[PDB]
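K.L.:
sequence first, structure after, both from an experimental entry:
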Amino acid sequence: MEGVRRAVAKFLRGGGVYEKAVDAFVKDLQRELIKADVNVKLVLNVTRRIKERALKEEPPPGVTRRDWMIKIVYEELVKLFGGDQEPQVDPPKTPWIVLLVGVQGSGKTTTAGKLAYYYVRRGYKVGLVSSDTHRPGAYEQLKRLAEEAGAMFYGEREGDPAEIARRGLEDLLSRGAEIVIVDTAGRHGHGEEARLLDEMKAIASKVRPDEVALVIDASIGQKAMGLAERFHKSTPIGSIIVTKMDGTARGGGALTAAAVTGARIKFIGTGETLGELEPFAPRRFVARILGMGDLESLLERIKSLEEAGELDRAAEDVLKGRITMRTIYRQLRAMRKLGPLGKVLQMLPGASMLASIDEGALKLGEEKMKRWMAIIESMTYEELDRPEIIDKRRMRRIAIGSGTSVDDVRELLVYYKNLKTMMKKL
Ligand SMILES: Nc1nc2c(ncn2[C@@H]2O[C@H](COP(=O)(O)OP(=O)(O)O)[C@@H](O)[C@H]2O)c(=O)[nH]1
Ligand SMILES: [Mg+2]
């Protein structure tokens, strides 16, 4: 979906009345999701998640209205596309048996090859297994991709598919396969789909798969609900892999099947070559939809401002004479993740004037701030409150706990006192 990029760009720039830009942006986005099918119910949910946040949350001090709204559209689109932060690209355990399931034509055998390569390159010993008995040239197809992918192979063109699959499993485990992908039929002869289901369930029983992956094409927006229910009944789905995300695209049906089985989309099929297969990371995918350039610019543009806001309070809290070890600790943290301060977009009330009294207040090194932070972390809660209590014995104890000089804990201490003096005026 490419119109959505243009919408973000119109919204982010092409000004006019703010609220008219957001009603229009929500409108564009909604049209754009529907065009990618998705599911009206899933589209009216994402817009309500966005409204609720827009009503309860307000841009943090300094952040523009628009920057904050895209940050809300992104985060909630991420949730819509699963994206609960769960990539899980490596299997969690030693031998990992993957049963592919799906209807013929969707890209199952291609996905088997693409999937074998992917794990080979990540340094896994991969075997493929041809269980498909009904499609002619299945054995040979998988054969090609297995050597093409640099993965071991085992198949039989004829027999009980369950026993072919059990045999291919044993063969490849014997030859030290750490991952085994079991390719399957997507049609039982003419098109008796209910013999196909009983075949998957039987293969599954003999094989004991660690992950049943449903392989689906990005061309069943509305029909993705049913397909998933049928396959989920026979072999409970644990993965979804979405094929044919090239040329004329779709995909919104993916996250309908995602919903029905409660299964994650682990891999996207984006072409015809072995190589054309990358994991599905929602954070990154929606970022591409929204416009990867803008979106990452906008999230930093916000995080800078939230940093400067901490420095704002830290400088302000000094200038109102409220300086403490907790103020300085928050001040250093803020200064550290920021850099050598600003000049282009300094834009700070406190920090401007703070440096305009003592230049050497906002001119500490990285290391000098990092040592001072370690120091504060080693002071007692009573010391944090009353640093004047810190005699020679304490000064010493502090130096040990934080790997520093008894004179270092003096430098901070003076800094504290020296800052505190100035803001008393004359
Ligand atoms: N464009 C594109 N084509 C694909 C993709 N995955 C599979 N195909 C094609 O889908 C067709 C059916 O492939 P196959 O793997 O035989 O499907 P199966 O019956 O489920 O095994 C072939 O023409 C493949 O080249 C993909 O990610 N993108
Ligand atoms: Mg096939």
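P.N.:
Looks like it arrived, so ask away. Residues are numbered from 1 along each chain as shown. Ligands and ions are numbered 1, 2, ... in the order given.

K.L.:
for the stretch 151-300 of the chain, give the residue positioned nearest to ligand 1.
P.N.:
Distances between the stretch 151-300 of the chain and ligand 1 by C-beta to the nearest ligand atom are smallest at residue 269, namely 2.8 Å. No exception for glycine: its C-beta is placed from N, CA and C like everyone else's.

K.L.:
OK, contacts around that residue?
P.N.:
107, 110-111, 114, 218, 241-245, 276-277 (C-beta atoms under 8 Å, 6 or more residues apart in numbering).

K.L.:
possible to save those as JSON lines with neighbour count?
P.N.:
Below are those laid out as JSON lines (neighbours: other C-beta atoms under 10 Å):
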{"residue": "107", "neighbour count": "22"}
{"residue": "110", "neighbour count": "23"}
{"residue": "111", "neighbour count": "24"}
{"residue": "114", "neighbour count": "25"}
{"residue": "218", "neighbour count": "25"}
{"residue": "241", "neighbour count": "26"}
{"residue": "242", "neighbour count": "28"}
{"residue": "243", "neighbour count": "25"}
{"residue": "244", "neighbour count": "22"}
{"residue": "245", "neighbour count": "19"}
{"residue": "276", "neighbour count": "16"}
{"residue": "277", "neighbour count": "22"}
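
K.L.:
restrict those to those near ligand 1?
P.N.:
Subset of the contacts of residue 269 in contact with ligand 1: 107, 110, 243-244, counting by C-beta under 6 Å from any ligand atom.

K.L.:
state the pair within those residues that is farthest apart.
P.N.:
Taking every pair in the ones next to ligand 1 among the contacts of residue 269 and measuring C-beta to C-beta, the maximum separation is 9.7 Å, between 110 and 244.

K.L.:
what are the ranges of the strands in the chain?
P.N.:
Counting by DSSP state E, the chain has these strands, from start to end: 96-101, 126-130, 152-155, 179-183, 211-217, 239-243, 264-269, 277-279.

K.L.:
what's the fifth one in contact with?
P.N.:
With C-beta under 8 Å, 6+ apart as the test, strand 211-217 has contacts from 91, 96-102, 105-108, 111, 115, 204, 224, 227-228, 231-232, 235-244, 253-254, 257, 261, 263, 266.

K.L.:
and the gap between residue 422 and residue 206?
P.N.:
Taking C-beta to C-beta, to the nearest Å as the measure, residue 422 falls 80 Å from residue 206.

K.L.:
before we move on, what about residue 34?
P.N.:
For residue 34, the distance to residue 206 - C-beta to C-beta - is 43 Å.

K.L.:
what of residue 289?
P.N.:
42 Å.

K.L.:
and if you look at residue 338?
P.N.:
Residue 338 is 60 Å from residue 206, by C-beta to C-beta.

K.L.:
residue 189 now?
P.N.:
21 Å.

K.L.:
looking at the two, which is more packed in?
P.N.:
residue 206 (17 against 10; other C-beta atoms under 10 Å).

K.L.:
from residue 62, how far off is that one?
P.N.:
Residue 206 is 62 Å from residue 62, by C-beta to C-beta.

K.L.:
now residue 409
P.N.:
Distance from residue 409 to residue 62, by C-beta to C-beta: 35 Å.

K.L.:
report how many residues lie close to residue 238.
P.N.:
19.

K.L.:
shouldn't it be in contact with residue 266?
P.N.:
No - the criterion here is C-beta atoms under 8 Å, and residue 238 misses it with residue 266 at 9.0 Å.

K.L.:
nearest residue to the residue of the stretch 1-150 of the chain found nearest ligand 1 in space, please, no chain neighbours.
P.N.:
Closest to ligand 1 within the stretch 1-150 of the chain is residue 107: 2.8 Å, counting by C-beta to the nearest ligand atom. The shortest distance from residue 107 to any non-neighbouring residue, by C-beta to C-beta, 6 or more residues apart in numbering, is to residue 243 (3.3 Å).

K.L.:
isn't that neighbour right next to residue 106, touching?
P.N.:
Yes - Residue 243 is in contact with residue 106 according to C-beta under 8 Å; the separation is 5.9 Å.

K.L.:
buried subset of the contacts of strand 211-217, written for PyMOL?
P.N.:
Listed next is the PyMOL selection for buried residues among these, using 16 or more other C-beta atoms under 10 Å:
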select buried, resi 91+96+97+98+99+100+101+102+106+107+108+111+115+204+224+227+228+231+232+235+237+238+239+240+241+242+243+244+253+254+257+261+263+266
